[PDB]
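Undergrad: Attaching a single structure in structure tokens format; questions to follow.
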Amino acid sequence: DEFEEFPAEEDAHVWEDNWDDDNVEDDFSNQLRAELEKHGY
Amino acid sequence: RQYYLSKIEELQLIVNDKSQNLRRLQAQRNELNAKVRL
Amino acid sequence: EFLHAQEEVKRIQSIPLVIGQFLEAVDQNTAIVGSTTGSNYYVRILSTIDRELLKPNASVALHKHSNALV
Amino acid sequence: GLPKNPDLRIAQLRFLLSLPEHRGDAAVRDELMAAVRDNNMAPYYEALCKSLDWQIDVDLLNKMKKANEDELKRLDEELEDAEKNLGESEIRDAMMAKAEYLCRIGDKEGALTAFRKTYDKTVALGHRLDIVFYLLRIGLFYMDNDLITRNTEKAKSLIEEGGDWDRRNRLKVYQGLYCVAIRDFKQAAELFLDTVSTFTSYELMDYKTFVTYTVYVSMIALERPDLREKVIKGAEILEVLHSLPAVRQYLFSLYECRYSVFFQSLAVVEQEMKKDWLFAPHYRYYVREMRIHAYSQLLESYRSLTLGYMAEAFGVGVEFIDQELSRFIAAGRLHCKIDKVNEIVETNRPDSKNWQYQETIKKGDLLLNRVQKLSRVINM
Amino acid sequence: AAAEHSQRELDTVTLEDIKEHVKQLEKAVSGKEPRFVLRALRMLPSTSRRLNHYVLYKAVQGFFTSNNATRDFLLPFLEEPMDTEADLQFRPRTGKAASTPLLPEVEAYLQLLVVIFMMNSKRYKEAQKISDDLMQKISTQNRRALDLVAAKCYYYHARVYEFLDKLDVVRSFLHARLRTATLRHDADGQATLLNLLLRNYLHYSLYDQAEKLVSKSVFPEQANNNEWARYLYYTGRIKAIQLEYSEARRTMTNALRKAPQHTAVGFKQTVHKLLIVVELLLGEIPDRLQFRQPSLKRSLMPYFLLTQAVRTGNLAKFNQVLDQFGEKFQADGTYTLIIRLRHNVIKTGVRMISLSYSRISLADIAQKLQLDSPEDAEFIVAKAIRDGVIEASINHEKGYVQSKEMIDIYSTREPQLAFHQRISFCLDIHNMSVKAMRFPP
């Protein structure tokens with residue numbers, strides 16, 4: 001019972017990727033270094 | 001004339017479904033009676 | 001009526017009962033049991049009792065009147 | 001036991017060279033060039049030159065090509081001699097040697113087809129296992145997911161028919177490495193913990209590297225009781241960690257709830273993990289999961305805590321801890337909510353009954369959707 | 001050539017298939033059960049393929065053959081094979097069987113085969129006449145079973161007018177046929193006709209008309225899961241356009257759940273597109289897996305970019321994806337909804353803030369949502385609270401937004417209501433399963 005009325009119109013990774021993976025940000029080491037030097041002084 | 005055709009059609013479908021329900025009820029009763037007799 | 005029949009089935013295995021020794025199964029709902037009276041009887045078995053618990057030595061409780069295994 | 005061909009160190013060095021900050025590195029280049037010139041690896045030299053836009057040395061390349069050609073002629077001559085004068089065992093050994101040389105000199109497709117032909121001609125079960133392990137090593141070297149999966153299935157089936165414990169342990173190590181490669185960290189931790197006491201696959205990596213991988217993956221996978229029982233109290237793990245103070249500190253900081261040291265060690269571990277050829281794409285995911293794990297572990301023992309307390313415990317500022325907490329709650333990872341007016345995080349851990357009711361609702365909804373679909377299918 | 005012989009072999013197995021189908025139709029006629037008809041039309045799509053000109057020629061020369069006007073109508077519309085050596089006389093009807101007029105089921109099924117084959121040959125005008133003749137023949141027939149078959153051809157009729165790009169010269173006819181089915185109390189025909197009419201309405205953008213009808217007409221529950229899915233998708237589109245976003249999301253989720261597993265790639269793709277758009281309108285980030293499915297990866301990739309842009313809060317990225325792929329949305333019929341989301345992005349940020357924090361002040365909300373002024377933040381949070389997206393209250397005396405404290409739901413009546421719905425569904429399922437029991441005589 002196919003629905004032919006509606007026409008049926010690289011990154012080949014197997015693991016499930018969560019939305020946060022797409023979010024861009026600096027490395028955690030950089031963030032930790034920045035926070036450490038901010039709170040150090 | 002379409003009176004009779006429509007009426008007998010609706011009556012035929014309802015009597016068909018009622019006969020099917022009666023058959024299944026007959027079978028259910030037969031199973032219950034077999035259990036009781038056993 | 002089915003509920004009444006089940007109630008009677010339960011009423012069959014009612015106090016008092018006579019202890020015997022289940023001697024040997026013969027077939028479905030049929031066995032030989034050695035009662036404590038001192039005699040062996042060829043009796044029937046209620047369908048309620050599982051057929052796996054009837055070891056050829058395990059003690060069973062029988063109806064006082066008909067001696068049937070209950 | 002098994003030969004180190006192909007060398008995974010070569011793949012690690014190539015990946016490190018492909019990295020931006022290590023693209024201009026020289027020591028990696030020197031070590032890789034030394035490995036290639038010790039192995040006379042011409043086709044992989046061409047592949048690396050075209051991938052990295054390197055300037056090919058014509059003299060060295062021609063010497064490598066001539067050496068490969070004469071060696072291949074020698075193996076072909078030995079194969080012909082075995083076919084003419086000897087039995088199937090000698091021709092089999094010659095074909096295995098040819099395939100091994102093809103894989104050694106960096107040929108991918110040639111090694112694949114030669115090993116496939118050998119497997120077609122291979123009869124002895126141990127030799128079939130060895131050929132399948134060679135194919136698995138090649139797939140790991142080239143990160144060929146389909147090849148690795150197919151060869152893993154083949155090896156599992158072969159071991160199920162007939163499997164010695166040594167080859168089964170090696171297959172466990174390979175499966176753990178692949179599971180790490182596909183971010184399936186739970187299975188990787190299972191396999192690495194099962195194989196840590198009897199690790200013999202030194203061709204894949206050294207014992208210390210395997211143990212560091214095991215510690216990382218077990219930390220990201222196991223809960224607190226399992227981590228304490230199998231990793232914190234692990235005999236061999238502790239023995240090797242005595243020679244790895246950084247990894248030991250990283251592991252023990254989270255278990256001992258020393259969260260500032262844990263965060264610093266996690267930054268170090270992330271820096272190590274970025275350069276790793278095998279843990280490459282999952283370093284952000286691993287770091288995020290570790291941050292979530294630390295936050296949840298701290299919040300498990302508290303009902304309501306000031307944001308300053310977390311800032312002091314993790315050795316960070318209030319703003320950073322607030323931002324990370326908000327991001328992780330928004331993703332539904334931490335059972336808490338923040339009161340920024342008082343700057344207090346209040347945990348919202350469901351009780352046993354509430355969690356059981358929610359799980360019942362979810363599972364029953366799925367089962368009832370299945371039941372409705374089935375009934376509508378069958379009742380016409 | 002042996003290729004033509006193998007073609008003849010598959011043709012005669014298709015002949016056996018259609019013979020089995022017409023036998024099932026006659027068994028339904030003489031067995032007082034319409035389920036055999038449903039099974040025949042279930043096997044119908046499978047045999048809609050594997051056919052050619054000679055298959056249908058041998059079909060129409062095996063059945064009918066009563067010298068009726070049917071032969072004069074369907075034979076000229078298709079080609080005929082030559083004097084083949086294998087002149088296997090395929091005659092399912094022998095003597096009295098061929099003497100009696102064909103039942104409406106079998107003639108309707110074979111004429112349906114003609115129209116679908118003609119459509120597969122992509123000459124729509126030729127199929128137009130055969131469809132018109134088919135529905136002139138079946139209009140007068142009042143057979144209950146034929147309605148099932150009628151239902152199917154109904155759909156096919158609308159289908160052909162899709163390739164004729166008119167869709168309007170038949171709207172009144174579909175209205176009248178739907179009304180006739182409604183007075184006949186038919187289930188399948190009424191449902192499929194409602195679905196086709198809704199599709200026509202949305203193709204001509206008459207959303208108010210569709211909303212009026214779905215408010216007036218009632219979709220029969222005891223219908224096909226396929227027709228149910230189509231109706232749910234159309235209703236979800238209606239409610240999404242009518243701003244009833246939550247009900248639209250629920251209806252489209254139900255439609256996706258009732259999709260034919262993996263049979264309709266295009267319908268599933270369209271449903272996923274619309275569901276993603278409406279869920280974004282609600283402020284909920286959709287499931288990531290939707291974008292990584294093998295069949296829906298490229299189709300939803302522009303929607304992946306849209307979701308990433310809105311979740312990141314970068315309105316510049318939103319405008320950029322509008323510039324490049326937004327035109328595709330017009331082909332997908334979602335551009336207006338995408339503009340609504342462009343102007344409703346901030347709802348997602350407000351929902352995120354409500355989820356994470358519990359007593360966040362207005363100034364902090366404005367800072368975290370890029371809002372210029374705290375008063376604008378007050379307005380936005382109050383509107384979001386009123387519109388059923390947030391569960392907070394703003395203490396305007398000192399300007400903090402206190403979320404409604406979470407109460408132990410298991411101590412409330414909500415679990416009882418959920419269990420009541422589940423129990424009612426389970427009891428209804430048991431009643432339906434035991435109710436038929438299909439014990440034959």
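Each chain in the structure tokens gets a letter, A, B, ..., in the order shown, and its residues are numbered from 1; ligands are numbered from 1 in order too.
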Name all residues at most 12 Å from residue 209 (chain D) (count only C-alpha atoms; drop same-chain ones fewer than 2 positions away) and give them as an MDAnalysis selection string.
TA: chainID D and resid 9 177 192 196 199 201:207 211:216 237 240:241 243:244 247 272:273 276 278
Undergrad: Tell me which protein, DNA and RNA residues are within 12 Å of residue 24 (chain B), counting only C-alpha atoms, leaving out same-chain ones fewer than 5 positions away, and put them as a PyMOL selection string.
TA: (chain B and resi 17-19+29-31) or (chain E and resi 433-441)
Undergrad: Please, which residues of chain E lie no more than 6 Å from chain D when the count uses only C-alpha atoms, and can they be set out as a compact mmCIF listing (two decimals) with N, CA and C atoms, in the first residue's frame?
TA:
```txt
# COMPACT_ATOMS: atom_id res chain seq x y z
N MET E 352 13.90 26.87 26.99
CA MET E 352 15.17 26.39 27.53
C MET E 352 15.46 27.00 28.89
N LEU E 355 13.26 25.46 31.47
CA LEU E 355 13.68 24.10 31.79
C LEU E 355 14.89 24.10 32.71
N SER E 356 15.89 24.92 32.41
CA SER E 356 17.13 24.90 33.18
C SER E 356 16.95 25.57 34.54
N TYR E 357 16.60 26.85 34.55
CA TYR E 357 16.50 27.61 35.78
C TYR E 357 15.10 27.48 36.38
N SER E 358 14.97 27.91 37.63
CA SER E 358 13.70 27.89 38.34
C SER E 358 13.31 29.24 38.93
N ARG E 359 14.26 30.14 39.17
CA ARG E 359 13.96 31.45 39.72
C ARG E 359 14.79 32.54 39.05
N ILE E 360 15.08 32.37 37.76
CA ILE E 360 15.96 33.30 37.05
C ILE E 360 15.29 34.66 36.96
```
Undergrad: Given the choices D:111, D:290, D:36, D:95, which gets closest to chain A if the distance is worked out from only C-alpha atoms?
TA: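 The answer is D:290, which sits nearest to chain A.
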Undergrad: Give the helix (DSSP H, G or I) residues of chain C, as assigned by DSSP on the backbone, as an mmCIF file with N, CA, C and O atoms, in the first residue's frame.
TA:
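Output below, filename states.cif:
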```
data_model
loop_
_atom_site.group_PDB
_atom_site.id
_atom_site.type_symbol
_atom_site.label_atom_id
_atom_site.label_comp_id
_atom_site.auth_asym_id
_atom_site.auth_seq_id
_atom_site.Cartn_x
_atom_site.Cartn_y
_atom_site.Cartn_z
ATOM 1 N N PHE C 2 -20.508 -23.255 35.836
ATOM 2 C CA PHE C 2 -19.090 -23.595 35.847
ATOM 3 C C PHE C 2 -18.445 -23.219 37.174
ATOM 4 O O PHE C 2 -17.632 -23.979 37.716
ATOM 5 N N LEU C 3 -18.793 -22.048 37.710
ATOM 6 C CA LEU C 3 -18.287 -21.668 39.026
ATOM 7 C C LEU C 3 -18.774 -22.635 40.098
ATOM 8 O O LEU C 3 -18.010 -23.022 40.993
ATOM 9 N N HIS C 4 -20.044 -23.043 40.021
ATOM 10 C CA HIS C 4 -20.558 -24.024 40.972
ATOM 11 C C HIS C 4 -19.809 -25.348 40.865
ATOM 12 O O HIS C 4 -19.491 -25.977 41.880
ATOM 13 N N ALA C 5 -19.530 -25.792 39.638
ATOM 14 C CA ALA C 5 -18.799 -27.040 39.442
ATOM 15 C C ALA C 5 -17.388 -26.948 40.007
ATOM 16 O O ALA C 5 -16.890 -27.905 40.609
ATOM 17 N N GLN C 6 -16.725 -25.806 39.813
ATOM 18 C CA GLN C 6 -15.408 -25.618 40.415
ATOM 19 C C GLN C 6 -15.488 -25.652 41.935
ATOM 20 O O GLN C 6 -14.600 -26.199 42.603
ATOM 21 N N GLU C 7 -16.543 -25.062 42.501
ATOM 22 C CA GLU C 7 -16.713 -25.108 43.949
ATOM 23 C C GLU C 7 -16.890 -26.541 44.436
ATOM 24 O O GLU C 7 -16.332 -26.923 45.469
ATOM 25 N N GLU C 8 -17.660 -27.349 43.705
ATOM 26 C CA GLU C 8 -17.792 -28.761 44.068
ATOM 27 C C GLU C 8 -16.458 -29.491 43.948
ATOM 28 O O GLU C 8 -16.129 -30.344 44.785
ATOM 29 N N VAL C 9 -15.683 -29.178 42.908
ATOM 30 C CA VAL C 9 -14.372 -29.800 42.735
ATOM 31 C C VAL C 9 -13.490 -29.509 43.941
ATOM 32 O O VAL C 9 -12.822 -30.401 44.478
ATOM 33 N N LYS C 10 -13.482 -28.252 44.388
ATOM 34 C CA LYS C 10 -12.743 -27.905 45.598
ATOM 35 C C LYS C 10 -13.312 -28.617 46.819
ATOM 36 O O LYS C 10 -12.556 -29.065 47.688
ATOM 37 N N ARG C 11 -14.640 -28.733 46.899
ATOM 38 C CA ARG C 11 -15.283 -29.415 48.015
ATOM 39 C C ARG C 11 -14.928 -30.893 48.074
ATOM 40 O O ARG C 11 -15.052 -31.503 49.142
ATOM 41 N N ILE C 12 -14.511 -31.487 46.954
ATOM 42 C CA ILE C 12 -14.126 -32.896 46.971
ATOM 43 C C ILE C 12 -12.940 -33.116 47.901
ATOM 44 O O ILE C 12 -12.940 -34.039 48.724
#
```
Undergrad: Find the residues of chain D in contact range of chain A, meaning any atom within 9 Å when counting only C-alpha atoms, and list them as a list in words.
TA: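 For chain D, the answer reads residues 145, 182, 183, 184, 263, 264, 266, 267, 268, 270, 271, 284, 285, 287, 288, 315, 316, 317, 320 and 331 of chain D.
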Undergrad: Which residue is closest to residue 32 (chain B)? Choose from C:28, C:34, C:50, C:1 and count only C-alpha atoms.
TA: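 The answer is C:1, which sits nearest to residue 32 (chain B).
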Undergrad: Distance limit 8 Å, atoms considered: only C-alpha atoms. Which chain B residues sit that close to chain E? Return them as a list in words.
TA: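 Using only C-alpha atoms, chain B residues at most 8 Å from chain E: residues 9, 16, 20, 21, 23, 24 and 27 of chain B.
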Undergrad: Produce a file of the selected residues containing C-alpha atoms, as a CSV table (one decimal), in the first residue's frame.
TA:
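Writing done, so here's out20.csv:
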```
chain,number,residue,atom,x,y,z
B,9,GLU,CA,-29.1,-3.4,1.6
B,16,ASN,CA,-24.8,-10.4,8.1
B,20,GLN,CA,-21.4,-13.6,12.2
B,21,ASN,CA,-21.7,-12.5,15.9
B,23,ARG,CA,-21.8,-17.9,15.1
B,24,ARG,CA,-18.9,-16.7,17.3
B,27,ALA,CA,-18.7,-21.3,19.4
```
Undergrad: What's around residue 16 (chain C) at 10 Å? Count only C-alpha atoms, leave out sequence neighbours fewer than 5 positions away in its own chain, and write the answer as a list in words.
TA: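 After dropping sequence-adjacent residues, the list is residues 61, 62, 63, 64 and 65 of chain C.
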Undergrad: For the selection you just gave me, I'd like the residues written to a file as a CSV table (one decimal), in the first residue's frame, keeping C-alpha atoms.
TA:
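The result, stored in result27.csv:
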```
chain,number,residue,atom,x,y,z
C,61,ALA,CA,-4.4,-37.7,50.6
C,62,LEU,CA,-7.5,-39.6,49.4
C,63,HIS,CA,-11.2,-39.1,49.8
C,64,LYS,CA,-12.5,-40.9,52.8
C,65,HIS,CA,-15.4,-42.6,51.0
```
Undergrad: Show me, as a list in words, the residues of chain E whose atoms get within 6 Å of chain A, using only C-alpha atoms for the distance check.
TA: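 Therefore, the residues near the partner are residues 263, 264, 265, 266 and 267 of chain E.
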Undergrad: Please save C-alpha atoms of the selected residues as an mmCIF file, in the first residue's frame.
TA:
```
data_model
loop_
_atom_site.group_PDB
_atom_site.id
_atom_site.type_symbol
_atom_site.label_atom_id
_atom_site.label_comp_id
_atom_site.auth_asym_id
_atom_site.auth_seq_id
_atom_site.Cartn_x
_atom_site.Cartn_y
_atom_site.Cartn_z
ATOM 1 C CA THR E 263 6.801 1.527 2.443
ATOM 2 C CA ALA E 264 6.088 5.224 1.754
ATOM 3 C CA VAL E 265 9.383 7.110 1.658
ATOM 4 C CA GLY E 266 7.840 10.298 0.279
ATOM 5 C CA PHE E 267 4.912 10.412 2.696
#
```
Undergrad: How many Å lie between CA of residue 50 (chain D) and CA of residue 181 (chain D), rounded to one decimal?
TA: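 Between CA of residue 50 (chain D) and CA of residue 181 (chain D) the gap is 25.2 Å.
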Undergrad: With only C-alpha atoms as the counted atoms, please give the residues lying no more than 12 Å from residue 2 (chain B), apart from itself and same-chain residues fewer than 3 positions off, as a list in words.
TA: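 Within the cut-off, the hits are residues 5, 6, 7, 8 and 9 of chain B; 140, 141 and 142 of chain E.
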Undergrad: In chain C, what's strand (DSSP E) per DSSP? Answer as a PyMOL selection string?
TA: chain C and resi 17-27+30-35+40-43+59-63
Undergrad: Print the selection's residues with N, CA and C atoms to a file, as a PDB file, in the first residue's frame.
TA:
```
ATOM      1  N   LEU C  17      -9.610 -36.461  55.248  1.00  0.00           N
ATOM      2  CA  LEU C  17      -8.969 -37.198  54.171  1.00  0.00           C
ATOM      3  C   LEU C  17      -8.092 -38.283  54.776  1.00  0.00           C
ATOM      4  N   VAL C  18      -7.853 -39.341  54.009  1.00  0.00           N
ATOM      5  CA  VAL C  18      -7.090 -40.495  54.477  1.00  0.00           C
ATOM      6  C   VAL C  18      -5.742 -40.489  53.771  1.00  0.00           C
ATOM      7  N   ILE C  19      -4.662 -40.572  54.543  1.00  0.00           N
ATOM      8  CA  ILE C  19      -3.327 -40.610  53.960  1.00  0.00           C
ATOM      9  C   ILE C  19      -3.061 -42.000  53.402  1.00  0.00           C
ATOM     10  N   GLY C  20      -2.560 -42.050  52.169  1.00  0.00           N
ATOM     11  CA  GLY C  20      -2.051 -43.273  51.587  1.00  0.00           C
ATOM     12  C   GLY C  20      -0.723 -43.012  50.901  1.00  0.00           C
ATOM     13  N   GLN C  21      -0.137 -44.088  50.389  1.00  0.00           N
ATOM     14  CA  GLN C  21       1.116 -44.015  49.654  1.00  0.00           C
ATOM     15  C   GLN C  21       0.820 -44.186  48.172  1.00  0.00           C
ATOM     16  N   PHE C  22       1.222 -43.204  47.371  1.00  0.00           N
ATOM     17  CA  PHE C  22       1.021 -43.267  45.926  1.00  0.00           C
ATOM     18  C   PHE C  22       1.907 -44.374  45.379  1.00  0.00           C
ATOM     19  N   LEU C  23       1.304 -45.526  45.083  1.00  0.00           N
ATOM     20  CA  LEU C  23       2.091 -46.680  44.667  1.00  0.00           C
ATOM     21  C   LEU C  23       2.613 -46.506  43.248  1.00  0.00           C
ATOM     22  N   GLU C  24       1.713 -46.339  42.279  1.00  0.00           N
ATOM     23  CA  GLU C  24       2.158 -46.274  40.892  1.00  0.00           C
ATOM     24  C   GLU C  24       1.098 -45.620  40.022  1.00  0.00           C
ATOM     25  N   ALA C  25       1.521 -44.667  39.197  1.00  0.00           N
ATOM     26  CA  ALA C  25       0.631 -44.094  38.199  1.00  0.00           C
ATOM     27  C   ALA C  25       0.329 -45.119  37.115  1.00  0.00           C
ATOM     28  N   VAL C  26      -0.931 -45.175  36.700  1.00  0.00           N
ATOM     29  CA  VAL C  26      -1.391 -46.117  35.690  1.00  0.00           C
ATOM     30  C   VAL C  26      -1.589 -45.431  34.344  1.00  0.00           C
ATOM     31  N   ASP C  27      -2.274 -44.298  34.340  1.00  0.00           N
ATOM     32  CA  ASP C  27      -2.506 -43.491  33.145  1.00  0.00           C
ATOM     33  C   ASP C  27      -2.981 -42.123  33.621  1.00  0.00           C
ATOM     34  N   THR C  30      -5.768 -41.610  36.765  1.00  0.00           N
ATOM     35  CA  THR C  30      -5.921 -42.989  37.212  1.00  0.00           C
ATOM     36  C   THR C  30      -4.598 -43.454  37.801  1.00  0.00           C
ATOM     37  N   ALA C  31      -4.655 -44.125  38.950  1.00  0.00           N
ATOM     38  CA  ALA C  31      -3.437 -44.564  39.622  1.00  0.00           C
ATOM     39  C   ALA C  31      -3.769 -45.677  40.609  1.00  0.00           C
ATOM     40  N   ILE C  32      -2.724 -46.204  41.246  1.00  0.00           N
ATOM     41  CA  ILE C  32      -2.835 -47.169  42.331  1.00  0.00           C
ATOM     42  C   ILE C  32      -2.152 -46.573  43.550  1.00  0.00           C
ATOM     43  N   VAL C  33      -2.867 -46.542  44.674  1.00  0.00           N
ATOM     44  CA  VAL C  33      -2.384 -45.917  45.899  1.00  0.00           C
ATOM     45  C   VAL C  33      -2.538 -46.904  47.049  1.00  0.00           C
ATOM     46  N   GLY C  34      -1.496 -47.029  47.866  1.00  0.00           N
ATOM     47  CA  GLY C  34      -1.567 -47.856  49.053  1.00  0.00           C
ATOM     48  C   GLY C  34      -1.975 -47.063  50.277  1.00  0.00           C
ATOM     49  N   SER C  35      -3.215 -47.243  50.721  1.00  0.00           N
ATOM     50  CA  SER C  35      -3.729 -46.479  51.847  1.00  0.00           C
ATOM     51  C   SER C  35      -3.115 -46.961  53.159  1.00  0.00           C
ATOM     52  N   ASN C  40      -4.401 -51.734  49.214  1.00  0.00           N
ATOM     53  CA  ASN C  40      -4.061 -50.966  48.025  1.00  0.00           C
ATOM     54  C   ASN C  40      -5.307 -50.819  47.163  1.00  0.00           C
ATOM     55  N   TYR C  41      -5.523 -49.620  46.627  1.00  0.00           N
ATOM     56  CA  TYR C  41      -6.723 -49.325  45.860  1.00  0.00           C
ATOM     57  C   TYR C  41      -6.364 -48.730  44.508  1.00  0.00           C
ATOM     58  N   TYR C  42      -7.091 -49.168  43.484  1.00  0.00           N
ATOM     59  CA  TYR C  42      -7.019 -48.596  42.145  1.00  0.00           C
ATOM     60  C   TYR C  42      -8.031 -47.458  42.078  1.00  0.00           C
ATOM     61  N   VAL C  43      -7.543 -46.218  42.043  1.00  0.00           N
ATOM     62  CA  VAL C  43      -8.389 -45.044  42.219  1.00  0.00           C
ATOM     63  C   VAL C  43      -8.167 -44.067  41.073  1.00  0.00           C
ATOM     64  N   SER C  59       3.619 -39.428  49.743  1.00  0.00           N
ATOM     65  CA  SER C  59       2.315 -39.659  50.345  1.00  0.00           C
ATOM     66  C   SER C  59       1.260 -38.758  49.714  1.00  0.00           C
ATOM     67  N   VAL C  60       0.041 -39.287  49.610  1.00  0.00           N
ATOM     68  CA  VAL C  60      -1.083 -38.578  49.021  1.00  0.00           C
ATOM     69  C   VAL C  60      -2.263 -38.654  49.979  1.00  0.00           C
ATOM     70  N   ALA C  61      -3.200 -37.729  49.803  1.00  0.00           N
ATOM     71  CA  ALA C  61      -4.419 -37.669  50.594  1.00  0.00           C
ATOM     72  C   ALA C  61      -5.595 -38.027  49.701  1.00  0.00           C
ATOM     73  N   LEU C  62      -6.381 -39.006  50.136  1.00  0.00           N
ATOM     74  CA  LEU C  62      -7.475 -39.564  49.364  1.00  0.00           C
ATOM     75  C   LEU C  62      -8.802 -39.270  50.047  1.00  0.00           C
ATOM     76  N   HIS C  63      -9.857 -39.218  49.237  1.00  0.00           N
ATOM     77  CA  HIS C  63     -11.206 -39.073  49.760  1.00  0.00           C
ATOM     78  C   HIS C  63     -11.527 -40.228  50.700  1.00  0.00           C
TER      79      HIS C  63
END
```
Undergrad: Which residues, written as an NGL selection string, have at least one atom at most 12 Å from residue 106 (chain D), with only C-alpha atoms counted and residues fewer than 2 positions away on the same chain left out?
TA: :D and (5-8 or 10-11 or 35-36 or 39-48 or 64-65 or 68 or 99-104 or 108-112 or 138 or 141-142)
Undergrad: I'd like the interatomic distance between CA of residue 216 (chain E) and CA of residue 269 (chain E), to a tenth of an Å.
TA: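 Result for CA of residue 216 (chain E) versus CA of residue 269 (chain E): 29.2 Å, one decimal.
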